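What follows is a single structure, written as structure tokens, with notes after it.
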Amino acid sequence: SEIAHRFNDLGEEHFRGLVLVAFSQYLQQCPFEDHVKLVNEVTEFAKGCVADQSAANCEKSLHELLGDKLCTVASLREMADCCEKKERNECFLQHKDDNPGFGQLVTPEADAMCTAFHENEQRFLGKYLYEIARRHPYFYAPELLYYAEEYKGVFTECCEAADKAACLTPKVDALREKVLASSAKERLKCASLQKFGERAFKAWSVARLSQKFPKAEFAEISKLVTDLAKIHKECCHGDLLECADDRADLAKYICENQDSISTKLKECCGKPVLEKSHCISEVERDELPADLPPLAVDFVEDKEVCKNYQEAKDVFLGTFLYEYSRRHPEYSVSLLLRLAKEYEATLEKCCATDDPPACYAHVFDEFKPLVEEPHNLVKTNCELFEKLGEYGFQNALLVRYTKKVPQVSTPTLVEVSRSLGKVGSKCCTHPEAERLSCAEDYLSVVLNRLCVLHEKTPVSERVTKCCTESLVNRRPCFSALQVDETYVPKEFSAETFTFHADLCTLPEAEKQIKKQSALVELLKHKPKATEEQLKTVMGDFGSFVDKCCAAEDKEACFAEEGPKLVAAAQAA
């Protein structure tokens, strides 16, 4: 039996959690109580499979069981369309929503939250899991469990502290930020596996793993990246139980082979399964051995370049990226992979041209301008970030990227531009030796979110091209783009600017979000004449909103001065 095996390996509680996040990812709009009952029934049946491995349905697969369980009340609807199939799993996964119309989480006060957490922390943590996974349907299944344990620790500490609210707000913000980072990074792995292939994913994971553990053998990281590609294959295909079990088994194998990998794993393996898997998942980069010679001896000056590459090209290039990455933790993964593709094409064209050795002796000349452009842009953009701050950074980036692609929906423009602005708060704070890595990897993640949001409703052709071609050339692609002229400017309409009075009661974050959305409409309506007039109008917005909010009128000054500043703004 399958369910009996998973239940033996994963335990009852973790089982309940993984089933709950499964149903919360497949059914995002469904209320919580239904998920409670369904998880209860699933565990109820799994215990029976553990008692008798030959029971009626215990020989069935997981997808058949879960689909059968979902189509009892899920036929109430476009989720009854997949229930007319048996293909059904791929239908369900296709009907996942990357951007669901779910609010950005409502939070009660401190004492009510502590009352709910004390009252029953099972339903409390389960509610947290449901609310997190229902907005992020492509979250790493075990990592969500560990983050749930961190949530448990947060409430356990703050409900016994001096002031529960002051203790609880910044911690909730912290775990929120880390959780959104984990979900943002995981969305790129499922985008590489489902759309770019285990070849591309294996290249990426080989680059990062070689950067993290330079002391390991190439065969070790080859088998390891194979296994990792397997477990992420299962997590991206909705196979959450076998993904969690396989992750636990991988952590076990790594802890049984400490000498063969690194020296930074001594204190990670002395933790519970999820603390172990998180600890390993972000352990600091290891030191480099001493028995390493020059790369040019084996990969440029060597005489076996064409014959060895012709014997096994994927293993050859994998060894190339392995040797290049383990000596450069200061490069981004995308940079290393771009260099690997340039080397691949070089070996593809030189071994057939006039003289192989002579012309592939000039690879470094090709490698010079590829490393320059990233560091140039992290220099320039960290300069701008330090000059303007995070808010002005997001604003200037909104100018740049609205002029880049004016066909994009405004919530996606602002949503991607603010996360773009967070790269200065995240990476420019680090020393310059860890700037390009953090920076470019983060940028490829953000642009990945942009491409998976543009995939739902394509609108611009250039976005389509820069999202379809190469996964690694994604960040450079967007940098090569500039102002678009196929777009015809939008006319100021009776909807683009007349907002409402409740804006005075909303917090500063959403107020700045509205400021930037109106700024996006401003940029779209007239992209050319956009000198200091953008700032001149953007300041008048704040002047009007503040002077009218600070009047305590019963929604009069807003409707009055609303129809004025649309024409006063069109005149500028």
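Mind the numbering: the sequence shown is residues 5 to 81, 86 to 94, 97 to 582 in the authors' numbering, read in order. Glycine included, C-beta positions come from ideal geometry on N, C-alpha and C.
Between the alpha carbons of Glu382 and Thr363 lies a gap of roughly 28 angstroms. By the CB criterion at 8 angstroms, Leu24 and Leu251 fall outside the cutoff.
Within the model, the alpha-carbon separation for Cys168 versus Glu141 is close to 21 angstroms.
The DSSP-derived three-state label of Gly15 is coil. Straight-line spacing of the CA atoms in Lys225 and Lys212 works out to 19 angstroms. Closest in C-alpha terms to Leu178, from the list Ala504, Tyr497, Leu198, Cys124, comes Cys124. Looking only at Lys564, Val310, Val343, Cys392, the smallest Cα-Cα distance to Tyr370 is reached by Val310.
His464 and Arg484 have their C-alpha atoms some 14 angstroms from each other. The beta-carbon separation of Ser192 and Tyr157, rounded to 7 angstroms, stays under the 8 angstroms limit for a contact. When only Cα atoms are considered, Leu513 and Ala578 end up about 21 angstroms apart. Exclusion of the five residues before and after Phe507 leaves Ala528, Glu531, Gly572, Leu575, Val576, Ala579 as the residues of its chain whose Cβ lies within less than 8 angstroms of its Cβ. The DSSP-derived three-state label of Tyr411 is helix. When C-beta atoms of the segment 175-190 are compared with those of the segment 311-330, fewer than three pairs fall below 8 angstroms, so the two segments do not count as touching. CA-CA distance, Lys317 to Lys359, rounds to 14 angstroms. Counting along the chain, the unbroken alpha helix (DSSP H) around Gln580 starts and ends at 567-581. In the DSSP assignment, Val482 falls outside any alpha helix (DSSP H), carrying neither H nor E. In the DSSP assignment, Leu250 falls within the alpha helix (DSSP H) that extends over 250-265.
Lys174 and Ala519 have their C-alpha atoms spaced approximately 23 angstroms apart. Between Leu198 and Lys243, the C-beta gap is not smaller than 8 angstroms, which leaves the two residues out of contact. In this structure the segment 489-499 lies against the segment 413-429, because at least three pairs of beta carbons, one per stretch, are closer than 8 angstroms. Rounded to the nearest whole angstrom, the CA to CA distance from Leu42 to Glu160 is 26 angstroms. Excluding its 5 nearest sequence neighbours in each direction, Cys461 has C-beta neighbours in its own chain below 7 angstroms: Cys477, listed in chain order. Linking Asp107 to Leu190 through their CA atoms gives a straight-line distance of about 16 angstroms. A contact between stretches requires three or more CB pairs, one per stretch, nearer than 8 angstroms, and the segment 129-137 fails this requirement with the segment 274-293. A buried status is given to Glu450, since no fewer than 16 other beta-carbon atoms sit within 10 Å of its beta-carbon. Judged by DSSP secondary structure, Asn458 falls within the alpha helix (DSSP H) whose first and last residues are 445-464. Residue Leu446 holds the alpha-carbon nearest to the alpha-carbon of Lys389 among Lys188, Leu446, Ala55.
Only residues of its own chain outside the window of five on either side were considered, and among them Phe134 have a CB closer than 7 angstroms to the CB of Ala126, listed in chain order. DSSP, reduced to helix, strand and coil, places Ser419 outside both helices and strands of the structure shown, so it counts as coil. CA-to-CA, the gap between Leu327 and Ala490 works out to about 27 angstroms. Remark: fewer than three beta-carbon pairs, one from each stretch, lie closer than 8 angstroms, so the segment 65-81 and the segment 430-440 are not flagged as touching. Excluding its 5 nearest sequence neighbours in each direction, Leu154 has C-beta neighbours in its own chain below 7 angstroms: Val25, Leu139, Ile142, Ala143, listed in chain order. By the CB criterion at 8 angstroms, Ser270 and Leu238 fall outside the cutoff. Listed in chain order, the non-local C-beta contacts of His385 below 7 angstroms within the same chain comprise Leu446, local neighbours out to five positions each way being set aside. For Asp375, the closest alpha carbon among the candidates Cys245, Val409, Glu352 is that of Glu352. For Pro180, the uninterrupted alpha helix (DSSP H) run begins and ends at 174-205, by DSSP.
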